[PDB]
Amino acid sequence: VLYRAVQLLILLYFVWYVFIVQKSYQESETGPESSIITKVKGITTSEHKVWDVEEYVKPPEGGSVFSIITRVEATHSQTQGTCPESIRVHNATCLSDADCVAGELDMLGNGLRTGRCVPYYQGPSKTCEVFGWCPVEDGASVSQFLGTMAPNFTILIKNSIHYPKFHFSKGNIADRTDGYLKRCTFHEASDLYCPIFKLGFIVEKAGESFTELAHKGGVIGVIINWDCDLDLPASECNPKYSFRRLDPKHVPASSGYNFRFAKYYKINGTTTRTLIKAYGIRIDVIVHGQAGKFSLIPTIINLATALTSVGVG
Amino acid sequence: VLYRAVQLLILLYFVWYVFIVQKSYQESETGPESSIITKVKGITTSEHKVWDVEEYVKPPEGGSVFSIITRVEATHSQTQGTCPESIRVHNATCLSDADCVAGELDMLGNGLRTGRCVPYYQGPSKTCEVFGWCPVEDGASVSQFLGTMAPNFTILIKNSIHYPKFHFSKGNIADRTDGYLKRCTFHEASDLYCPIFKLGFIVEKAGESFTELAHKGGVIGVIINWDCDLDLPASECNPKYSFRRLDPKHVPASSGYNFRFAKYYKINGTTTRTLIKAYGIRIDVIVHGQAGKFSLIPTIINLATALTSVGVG
Amino acid sequence: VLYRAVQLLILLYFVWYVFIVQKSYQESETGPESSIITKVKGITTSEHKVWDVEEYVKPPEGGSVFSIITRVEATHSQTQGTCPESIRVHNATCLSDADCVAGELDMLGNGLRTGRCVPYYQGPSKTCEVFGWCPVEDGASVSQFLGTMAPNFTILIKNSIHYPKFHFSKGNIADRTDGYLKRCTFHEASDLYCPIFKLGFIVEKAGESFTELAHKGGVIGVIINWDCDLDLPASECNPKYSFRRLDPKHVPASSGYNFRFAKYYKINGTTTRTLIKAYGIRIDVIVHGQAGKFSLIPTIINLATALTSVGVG
Ligand SMILES: Nc1ncnc2c1ncn2[C@@H]1O[C@H](COP(=O)(O)OP(=O)(O)OP(=O)(O)O)[C@@H](O)[C@H]1O
Ligand SMILES: Nc1ncnc2c1ncn2[C@@H]1O[C@H](COP(=O)(O)OP(=O)(O)OP(=O)(O)O)[C@@H](O)[C@H]1O
Ligand SMILES: Nc1ncnc2c1ncn2[C@@H]1O[C@H](COP(=O)(O)OP(=O)(O)OP(=O)(O)O)[C@@H](O)[C@H]1O
Ligand SMILES: *[C@@H]1O[C@H](CO)[C@@H](O)[C@H](O)[C@H]1NC(C)=O
Ligand SMILES: *[C@@H]1O[C@H](CO)[C@@H](O)[C@H](O)[C@H]1NC(C)=O
Ligand SMILES: *[C@@H]1O[C@H](CO)[C@@H](O)[C@H](O)[C@H]1NC(C)=O
Ligand SMILES: *[C@@H]1O[C@H](CO)[C@@H](O)[C@H](O)[C@H]1NC(C)=O
Ligand SMILES: *[C@@H]1O[C@H](CO)[C@@H](O)[C@H](O)[C@H]1NC(C)=O
Ligand SMILES: *[C@@H]1O[C@H](CO)[C@@H](O)[C@H](O)[C@H]1NC(C)=O
């Protein structure tokens, strides 16, 4: 019968292509509840100085977002007082006391102007004197590179996801009594459940240079995808790891990532601070997920729609 | 032919209204990967005191969420020791040593009770003595307003989005060799790609008063929407900026935003701290996005559905 | 008429089951803009020491994610210098100076090796000497439990959601002139709008033991669901609170949550720090929401589809 072959072709076209490829027989949940616990390990050395994780990882609480400091411009022994203003500030440069007016407070400056013209930190120029945190970084900062051994650092990312509808839970570390998580190196295939990543590895998979990113700074995403079919065993629900840079790489106006922080002390009853401008690599751990599980209602509805299409066709 | 006009009307109704208005010929991705780098600039003065960004912006790392401090209640020279308890604490007020019992520890109090009744910081009342961080803020705090020039502060928000499916990337700062990002003021039309916002501007677009929000505190969202049609040039994919308050504005029980933080020192071998209760404006940078790009599969499926509807009709 | 009863049955089956149960007459927005302001209250005591919220809550800014410290391993008077390395570090243990080689820098160690073998902190063993932050925690740390009264702590979670499409806004605290938010205890039914939760309560609703979670640490999600039908009064749009643990509870390799932070001082011109390893309970406040409101377009489209199905059937 010609109709036999015609309908055999029609059915298979709308069966193997509708209920198989796109899984019309499944209800879905997009976006699981996730916990990210992070921990960085590794120590680096500058000139007669050893840096530990506490110093170069900020914030310290071990969450999804953190910055590993690779370079600092540090200004020591900063106290409230009078000092020459940065030559980089508008109208700062002066030739006589008459060129500076008292009380003026530029937002982009570094204090309140005194009405005097004082010699700059490095001569021979002169610059308007201000009251504020002194000395200013643009005249007393020292640079330290502490990203020399940062490619050898290690980050442990612990993730556990939950799909409330399906009541499904899976983590990225296996229940193993041996010391696997202490002698293991992540491999997307052989060691997918050792979620310990070197920073150099992460920077290689984002397609970036460790040197450029260590001097200007930047942001690298670590993306974990949980695309699981629950009609199958939980052993098939596994994490997929992706590494890409998130911040612009061609923007010349703002090229990189940086932040300032200070350390406050009291020397002889005077509040003193060391200001640090930190360039570093920020690590975003972003978690995506999509679970699918058989449900009778959607299956029946889609079967009815397919039967209607067959009847029309 | 009457059928000619009938079908001409029917088709246009389900063509210009189905594949044009709602763009049935497009696959979509909702929710891009985003990076937010923030930086606040501006300095403010209190009584013989200049405040910089490091002091009034917390946390300092330059992310999506940060608080600009506008007012502080500060308690200086706090040490572990004995002091009268706040008159604001239940059962704290006493007339004789018999009214206070030793060892009691109220969670809403400020230390461990000693069993004695001592004069309050400001007379003539008496209050039960406690062991803890002393003196208590409700008896030794001084208030400082540092939001006087906060409307003139500036926030630079750098955003770059990524749609992995489409492999589309766009940022909110243009590749310009000139010093545009150094002499530019955001304008939703003329300067949409100078993402430098004054706080006063943000507070005007949220419909709020800077004074009320500076004394009680609050939360303002900065919403960036990326609604892009990829069938068009990337020059059509642009950010849309919105400013609205996120926290309740009529709640009298909890009206505002505040947090406490302390600064720890060691004076003569004794751990001493200055406790700061900070009221301020928290800035949430929230990023929404929806990209659409032509795909043949959805177009064919929707065309088949439209043809079926036409056939029935 | 038989057809009368047949169509009466058919219609009700596809009316009470299509436009009622699944609300086909509604357009939807999934995912509202939310603000979370948190504040923890409660003080705890260790041996001759009173801890306040500033010490045990990190970070302090009052956001969606924060950690309440329950146990610390603290190492005091740490200075850059030479000290024996932790016996827990590979190859650290030595019998003579020849077993240690100078310059070697293990990432999992605690400094730079000097080439000498020195007695360990606790005898009789000997371990290779390193330069770094000294002494090392594994030889000078003291443990403090400060989770004794943590179940009695209180967390105030303030939430306000916004659905931009519907321009709908609702918060979780009512506009009440009385002191309700000062004498109230959350009850999912009687006091759903007192969003002040004890930590013990939260840990009881997650199904966990406060002791196990206080010594190893962990992560508890506080989930707020806003499932609102806008065709009804705003008094029907209410929060639904759920409490569940987010981190794995059977993983032996990594069981818990911890982070390290340090406190920096200057004693006699020398930078000195107290390193704290903190175990605690991290609180994730996660907000889900789904609003539905009548729209004519979807209603007409779904009615047309239902009529087509009826005609075919
Ligand atoms: N909050 C802000 N307000 C105004 N201008 C800013 C702000 N943040 C940065 N800029 C300016 O924009 C340009 C690019 O920003 P970026 O912070 O990357 O550069 P920078 O030179 O490293 O910053 P800095 O001013 O700290 O040296 C710089 O010239 C910087 O001065
Ligand atoms: N974690 C908490 N547990 C119990 N009560 C709280 C908590 N946080 C705030 N409150 C109380 O709820 C009310 C409103 O909160 P809010 O913090 O806005 O007020 P406040 O007076 O500024 O707070 P504070 O108690 O720090 O003075 C205040 O009376 C405050 O004491
Ligand atoms: N970033 C990291 N790189 C390598 N190994 C790690 C890292 N973080 C943790 N580990 C190791 O994995 C195991 C489990 O992690 P976890 O931090 O829970 O244990 P821990 O013993 O409390 O950590 P610590 O090493 O601080 O004592 C521990 O043996 C720990 O040393
Ligand atoms: C300050 O800058 C403005 C703008 O360049 C300039 O016109 C003015 O002369 C400057 N002030 C002085 C005292 O020169
Ligand atoms: C890790 O350290 C080794 C030497 O110990 C070095 O050869 C290697 O390049 C480092 N890995 C990097 C830089 O990614
Ligand atoms: C403590 O407060 C309770 C409740 O108000 C009160 O009954 C009790 O008398 C108070 N304690 C003393 C010693 O008065
Ligand atoms: C910015 O500063 C000017 C004075 O320099 C002031 O007139 C203006 O009101 C400020 N902007 C505000 C408060 O939004
Ligand atoms: C260092 O460790 C390796 C690996 O266990 C070992 O082979 C080597 O002998 C150790 N170094 C010394 C000096 O023993
Ligand atoms: C709260 O404190 C009381 C004593 O004041 C105690 O009995 C109770 O167990 C505490 N709640 C806990 C531990 O959840």
Side-chain angles (χ1 to χ4, degrees), chain A residues 42 44 70 89-102 104 106 108-109 113 115 117 128 147-154 185 197-205 208-211 213-214, chain B residues 71 73 75 86 88-90 106-110 136-138 141 183 215-219 247-248 251-261 275-280, chain C residues 37-43 52-54 57 60 62 66 68 103-109 152-158 173-174 176 178-186 194-199 201-202 283:
Chain A
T44 184
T70 52
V89 173
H90 189 40
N91 273 359
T93 302
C94 52
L95 308 181
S96 66
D97 291 303
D99 291 329
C100 315
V101 65
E104 183 179 0
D106 190 344
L108 313 178
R113 296 192 176 199
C117 191
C128 297
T148 312
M149 293 181 286
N152 292 100
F153 293 173
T154 53
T185 300
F197 314 93
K198 287 191 186 300
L199 192 57
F201 181 85
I202 294 168
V203 168
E204 293 177 350
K205 300 290 171 177
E208 322 290 333
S209 165
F210 205 105
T211 307
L213 206 71
Chain B
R71 190 162 71 87
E73 295 293 328
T75 317
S86 182
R88 294 178 66 188
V89 173
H90 189 40
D106 190 344
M107 289 289 112
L108 313 178
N110 302 116
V136 307
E137 70 176 352
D138 288 352
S141 288
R183 63 183 175 87
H215 282 87
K216 293 179 179 179
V219 180
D247 66 322
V251 162
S254 196
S255 50
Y257 169 61
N258 50 22
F259 68 98
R260 288 184 180 79
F261 69 101
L275 184 69
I276 299 94
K277 186 186 185 190
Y279 311 77
Chain C
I37 299 162
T38 65
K39 183 165 286 199
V40 184
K41 284 212 182 295
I43 61 170
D52 60 295
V53 179
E54 189 22 58
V57 170
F66 56 100
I68 295 153
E104 183 179 0
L105 184 64
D106 190 344
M107 289 289 112
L108 313 178
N152 292 100
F153 293 173
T154 53
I155 311 169
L156 168 68
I157 306 170
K158 316 197 298 194
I173 297 160
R176 282 177 70 151
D178 60 8
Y180 175 69
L181 198 65
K182 262 202 177 302
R183 63 183 175 87
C184 68
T185 300
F186 172 80
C194 172
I196 302 172
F197 314 93
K198 287 191 186 300
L199 192 57
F201 181 84
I202 294 168
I283 302 293

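Residue numbers start from 1 in every chain, and the chains themselves are labelled A, B, ... in the order their sequence lines are given, proteins ahead of strands. Order of appearance sets the numbers: ligands from 1, and atoms from 1 within every ligand.
Closest to atom 9 (C) of ligand 2, if we only count protein heavy atoms, is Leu156(C) CD2, 3.6 Å. Nearest protein neighbour of atom 2 (O) of ligand 5, counting heavy atoms only, is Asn152(A) ND2, 2.3 Å. Atom 27 (O) of ligand 2 has as its closest protein heavy atom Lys277(B) NZ, 3.3 Å. Counting only heavy atoms of the protein, atom 12 (O) of ligand 2 lies nearest to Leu181(C) O, 3.5 Å. Protein heavy atom in closest approach to atom 6 (C) of ligand 2: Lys41(C) CE, 4.1 Å. Ranking the protein heavy atoms by distance from atom 14 (O) of ligand 5 puts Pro151(A) CB, 3.5 Å first. Among protein heavy atoms, the minimum distance from atom 5 (N) of ligand 2 is reached at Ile196(C) CD1, 4.0 Å. The protein atom (non-hydrogen) at minimum distance from atom 15 (O) of ligand 2 is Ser254(B) OG, 3.5 Å.
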Original post:
What's the verdict on side-chain contact (heavy atoms from CB on, under 4.5 Å) for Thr185(C) and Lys198(C), showing C-alpha distance, side-chain angles and the deciding distance?
Top reply: CA-CA 9 Å; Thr185(C) 300; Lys198(C) 287 191 186 300; 5.9 Å; no

Original post:
Hey, mind stepping through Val53(C) and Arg260(B) against side-chain contact (heavy atoms from CB on, under 4.5 Å) and telling me if it holds?
Top reply: CA-CA 8 Å; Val53(C) 179; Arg260(B) 288 184 180 79; over 6 Å; no

Subject >> Chi angles and distances behind the side-chain contact (heavy atoms from CB on, under 4.5 Å) call for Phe153(C), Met107(B) >> reply: CA-CA 7 Å; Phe153(C) 293 173; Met107(B) 289 289 112; 3.8 Å; yes

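Protein heavy atoms are absent from the 4.0 Å sphere centred on atom 4 (C) of ligand 5. Within a 4.0 Å radius of atom 21 (O) of ligand 2, the protein has no heavy atom. Checking atom 11 (N) of ligand 5 against the protein gives a heavy-atom contact under 4.0 Å.
The heavy atom nearest to atom 30 (C) of ligand 2, out of those in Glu73(B), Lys39(C), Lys198(C), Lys182(C), is found in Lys182(C). Remark: among candidates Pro252(B), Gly256(B), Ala253(B), the nearest residue to atom 13 (C) of ligand 2 is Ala253(B), based on non-hydrogen atoms. Closest heavy-atom approach to atom 8 (C) of ligand 4 among the candidates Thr93(A), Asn91(A), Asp99(A): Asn91(A).
For the pair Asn258(B) and ligand 2, the shortest N or O to N or O distance falls below 3.5 Å.
When non-hydrogen atoms are compared, ligand 2 lies under 4.0 Å from the backbone of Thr154(C) as well as from its side chain.
Ring planes of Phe259(B) and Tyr257(B): tilted class, angle from 30 to 60°.
Using modelled atom types, one side-chain atom of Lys158(C) and one backbone atom of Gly256(B) make a donor-acceptor pair closer than 3.5 Å.
Residue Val57(C) is tested with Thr38(C), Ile283(C), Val40(C) for a side chain to side chain contact (heavy atoms under 4.5 Å, CB included); the sole match is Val40(C).
The SG atoms of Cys128(A) and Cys100(A) lie less than 2.5 Å from each other.
In this structure, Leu156(C) and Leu181(C) have side chains that are in contact, with non-hydrogen atoms separated by less than 4.5 Å. Considering only heavy atoms from C-beta on, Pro60(C) comes within 4.5 Å of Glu54(C) through its side chain. Put simply, the side chain of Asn110(B) does not reach to within 4.5 Å of the side chain of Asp138(B), judged on heavy atoms. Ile155(C) has its side chain within reach of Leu199(C): a pair of non-hydrogen atoms, C-beta onward, lies under 4.5 Å apart. You'll find the side chain of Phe186(C) stays beyond 4.5 Å of the side chain of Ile196(C), heavy atoms only.
Of all atoms in ligand 2, listed by their number and element, those nearer than 4.0 Å to a heavy atom of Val40(C) are 1 (N). The ligand atoms of ligand 4 that sit less than 4.0 angstrom from a heavy atom of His90(A) are 2 (O), 3 (C), 4 (C), 5 (O). Per-residue contacts place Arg260(B) under 4.0 angstrom from the following atoms of ligand 2 (heavy atoms of the residue considered): 24 (P), 26 (O), 27 (O).
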